[PDB]
Amino acid sequence: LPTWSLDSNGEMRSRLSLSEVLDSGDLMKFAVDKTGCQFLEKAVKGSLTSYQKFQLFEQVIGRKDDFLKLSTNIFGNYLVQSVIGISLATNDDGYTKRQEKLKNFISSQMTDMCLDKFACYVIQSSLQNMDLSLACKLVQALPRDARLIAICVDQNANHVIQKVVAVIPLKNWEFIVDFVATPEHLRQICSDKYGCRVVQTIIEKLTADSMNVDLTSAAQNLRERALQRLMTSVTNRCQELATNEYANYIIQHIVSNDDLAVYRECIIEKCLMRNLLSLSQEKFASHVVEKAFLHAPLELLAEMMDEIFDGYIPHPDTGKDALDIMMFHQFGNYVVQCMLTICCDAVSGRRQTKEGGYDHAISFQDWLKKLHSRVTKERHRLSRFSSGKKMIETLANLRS
RNA sequence: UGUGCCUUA
C-alpha cells in the first residue's frame with residue numbers, strides 16, 4: 001500500500017479517512033490488502049455522503065477490469081459485495097445505469113466468475129439482492145454446453161446453481177432442468193459429490209410441498225411439468241443411480257418424500273422389485289432398499305415382503321434362502337432389521353396400518369410371525385452378531 | 001457390523 005498511508009514503522013496509519021483513500025486513486029491497493037480492505041469494509045458500513053458513494057461506485061463497480069480484479073480477490077470480493085449493496089440502496093439518477101452496468105459486467109464473464117473461488121460469492125449475492133428483472137439476466141448468461149456440467153460439479157460453483165434455484169423463478173432456469181435431464185448429463189452430474197446435491201436441490205424446489213404454496217396455479221403447472229420431465233429421466237436410469245456412491249442419495253430422497261409419492265412408486269417398480277435380494281447386498285443400494293421398505297404404499301410393501309419371504313428359490317444343496325443370506329450379510333442384515341422394526345412398529349401401534357380402505361394389521365402380524373419364527377430357530381447363530389442380538393432384543397421388547 | 005456435499009478475510 002501507498003507510502004502516504006503508512007506511519008514510521010511501515011504500518012497503515014490509524015486516523016485514515018475514507019475520503020483520503022477515495023481521493024488518492026489508490027483504492028485498488030487497499031482493497032487487495034488484508035488490513036486495507038478491513039479498513040474499507042468498516043468505513044463503508046458507516047454514514048456515507050453522496051460523493052463518497054459516487055466514488056465507490058466508480059472505483060469498485062464502475063470499470064469492468066477493476067470490478068473483475070476485486071471480485072476474484074480473496075479480500076476484494078467482500079468490498080465488491082458491500083458496494084453492490086450500497087448501489088442498490090441509493091436511488092439517485094445514476095441507479096439504473098449502475099445496475100445495468102453491473103449486469104453487463106457479470107453476464108459477460110459469467111462462467112469464469114462462477115468457477116472462481118471468490119467471485120462466486122459476488123454472483124450469489126447479486127442473484128438474491130439485485131432487482132429481480134436484472135438478476136434474471138444473470139441466469140440467462142449461464143452457459144448451455146459442457147461448461148454447465150463443470151459448474152454443477154464444481155466445489156464452488158455448485159452453490160451458484162443452488163442460489164439460482166433458491167431465489168429466481170423457475171421459468172428462468174427451466175433450461176437447467178432440461179440440461180440435467182439429458183441422459184449423459186444426468187449420469188455425470190448425479191454421480192458427482194457436488195452434482196448430486198445440486199440435483200437434490202432442484203428436485204426439492206420442483207416439489208409441490210408446503211414451501212411452494214405461494215406459487216400461482218400457472219406456476220404450479222410449470223413446476224409440475226418440469227418435475228415430470230426430470231423424474232422421467234431419473235426413473236429411466238434408476239438402477240444405475242440407486243447403486244452409485246453419490247446418486248443413491250437422490251433416489252433415497254425421492255423414495256422417502258411423501259410429496260413425491262407417485263415417483264416413489266415408479267422407482268420401486270422400475271428398479272427395486274424383483275431385485276431386492278441383490279440390491280440389499282450392495283453397499284450403496286442397500287440404503288435405498290431400506291427407504292423403500294420404510295415408505296412404500298402398503299400394497300407395494302406387501303409385494304416387497306412377499307419377495308423376501310417367498311420370491312427366491314433356496315440353495316439347491318444347503319437350503320439356505322434369501323432371508324438366511326440377508327440376515328448374515330454385511331449390508332443385507334440392516335435391511336432385515338428394517339423389515340422387523342417396521343412390523344414391530346405396526347403391531348405396536350406406532351405405525352398406521354390403515355391404507356387403501358382397509359386395515360392391513362393382519363399382514364404385518366403375518367410378516368412379524370415369519371421373522372419371529374426365523375429368529376427363534378436361528379437364535380444361536382444370530383446371537384454371534386450385533387445385528388442378530390439387536391433383532392432378538394427388538395422381539396423381546398415387543399413382548400413386554 | 002454399512003455411504004456424500006453444505007464451499008471465502
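Numbered from 1 within each chain, the chains take letters A, B, ... in sequence-line order. Quick note: numbers below take in every heavy atom, side chains included, and nothing from hydrogens, waters or symmetry partners.
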Q: Calculate the interatomic distance between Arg197(A) atom CZ and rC5(B) atom P; express it in whole Å.
A: 11 Å
Q: Please work out whether the ring planes of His185(A) and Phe179(A) are parallel, tilted or perpendicular, with thresholds of 30° and 60°.
A: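 Parallel: the ring planes of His185(A) and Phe179(A) meet at under 30°.
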Q: Listed by chain and number, what are the side-chain contact (heavy atoms from CB on, under 4.5 Å) partners of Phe54(A), not counting sequence neighbours?
A: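 Scan of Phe54(A) (side-chain contact (heavy atoms from CB on, under 4.5 Å), adjacent residues dropped) gives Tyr51(A), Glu58(A).
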Q: Can you tell me how far NE2 of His372(A) sits from NZ of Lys377(A), rounded to the nearest 0.5 angstrom?
A: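 Nearest 0.5 Å value for the NZ-NE2 distance: 12.0 Å.
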Q: For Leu241(A) and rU3(B), what is the distance between atoms CG and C1' respectively, to the nearest whole Å?
A: 15 Å
Q: Would you mind reading off the distance between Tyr249(A) atom OH and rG2(B) atom P, rounded to a whole angstrom?
A: 13 Å
Q: Whole angstroms only, please: what is the CE-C1' distance between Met391(A) and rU1(B)?
A: 13 Å
Q: How is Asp192(A) classified with respect to the nucleic acid when contacts are heavy atoms under 4.0 Å: base, sugar-phosphate, or nothing?
A: nothing
Q: Which residues pass the side-chain contact (heavy atoms from CB on, under 4.5 Å) test with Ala150(A), sequence neighbours left out?
A: none
Q: Using a distance-only test with no angle check, is there a side-chain donor-acceptor pair under 3.5 angstrom linking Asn257(A) and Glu204(A)?
A: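 No pair is found: no donor N or O on one side chain lies under 3.5 Å from an acceptor on the other.
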Q: What donor-acceptor contacts under 3.5 angstrom involve side-chain atoms of residues 305-315 of chain A, with partners at least two apart or in another chain?
A:
{"from": "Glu307(A)", "atom 1": "OE1", "to": "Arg274(A)", "atom 2": "N", "distance (Å)": "2.7"}
{"from": "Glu307(A)", "atom 1": "OE2", "to": "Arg274(A)", "atom 2": "N", "distance (Å)": "3.2"}
{"from": "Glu307(A)", "atom 1": "OE2", "to": "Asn275(A)", "atom 2": "N", "distance (Å)": "3.3"}
{"from": "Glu307(A)", "atom 1": "OE2", "to": "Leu276(A)", "atom 2": "N", "distance (Å)": "3.0"}
{"from": "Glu307(A)", "atom 1": "OE2", "to": "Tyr312(A)", "atom 2": "OH", "distance (Å)": "2.6"}
{"from": "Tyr312(A)", "atom 1": "OH", "to": "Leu276(A)", "atom 2": "N", "distance (Å)": "3.4"}
{"from": "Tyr312(A)", "atom 1": "OH", "to": "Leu277(A)", "atom 2": "N", "distance (Å)": "3.1"}
{"from": "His315(A)", "atom 1": "NE2", "to": "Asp317(A)", "atom 2": "OD2", "distance (Å)": "3.4"}

Q: Among residues 326-333 of chain A, which residues get a heavy atom nearer than 4.0 Å to RNA chain B?
A: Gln330(A), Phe331(A), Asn333(A)
Q: Does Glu41(A) reach a base, just sugar-phosphate, or nothing at all? Heavy atoms under 4.0 Å.
A: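 Base contact.
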Q: Between the base of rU3(B) and the side chain of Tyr246(A), is one N or O donor paired with an acceptor at under 3.5 angstrom?
A: no
Q: Let me know the distance between CG of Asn77(A) and P of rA9(B), rounded to the nearest Å.
A: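 After rounding, the reported distance stands at 10 Å.
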Q: Specify the separation, in whole Å, of atom CG of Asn244(A) and atom P of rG2(B).
A: 20 Å
Q: Please confirm whether any donor atom in the side chain of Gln252(A) sits under 3.5 Å from an acceptor in the base of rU3(B), or the reverse.
A: yes
Q: Between P on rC5(B) and CG on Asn248(A), what's the gap in Å once rounded to a whole number?
A: 13 Å
Q: Tell me whether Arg374(A) is salt-bridged to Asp324(A), with the criterion being a basic N under 4.0 Å from an acidic carboxylate O.
A: yes
Q: State, with a plain yes or no, whether a side-chain heavy atom of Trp173(A) is found less than 4.5 Å away from one of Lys205(A).
A: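 Sidechains of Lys205(A) and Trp173(A): in contact.
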Q: In this structure, how many angstroms lie between the P atom of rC6(B) and the OH atom of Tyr121(A), rounded?
A: 11 Å
Q: Heavy atoms within less than 4.0 Å of RNA chain B: which residues of residues 144-164 of chain A have one? Give them sorted by number.
A: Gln155(A), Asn156(A), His159(A)
Q: Answer yes when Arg381(A) and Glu378(A) have at least one side-chain N-carboxylate O distance shorter than 4.0 Å, and no when they do not.
A: yes
Q: Between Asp366(A) and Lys369(A), is there a salt bridge with N-O shorter than 4.0 Å?
A: no
Q: Enumerate the residues from residues 280-296 of chain A whose closest heavy atom to RNA chain B is under 4.0 Å, giving them by residue number; use none for an empty result.
A: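 Of all residues in residues 280-296 of chain A, the ones placing a heavy atom under 4.0 Å from RNA chain B are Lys283(A), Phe284(A), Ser286(A), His287(A), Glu290(A).
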Q: Where the side chain of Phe118(A) is defined as all heavy atoms beyond and including C-beta, which of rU8(B), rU1(B), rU3(B) is the nearest nucleotide?
A: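 It is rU8(B).
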Q: Under a 3.5 Å threshold, yes or no: a donor from one side chain and an acceptor from the other, between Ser107(A) and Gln140(A)?
A: no
Q: Counting distance alone, no hydrogens or angles: does the base of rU7(B) have a donor or acceptor under 3.5 Å from a partner atom on the side chain of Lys193(A)?
A: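 Check fails, no donor-acceptor contact within cut-off.
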Q: Under 6.0 Å from the OH atom of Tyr358(A), do we count more than 12 heavy atoms belonging to anything else shown?
A: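 No, because the 6.0 Å sphere around OH of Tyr358(A) holds 12 heavy atoms or fewer from other groups.
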Q: When you measure only distances, ignoring hydrogens and angles, does the side chain of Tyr334(A) come within 3.5 Å of the base of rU1(B) through a donor and an acceptor?
A: yes
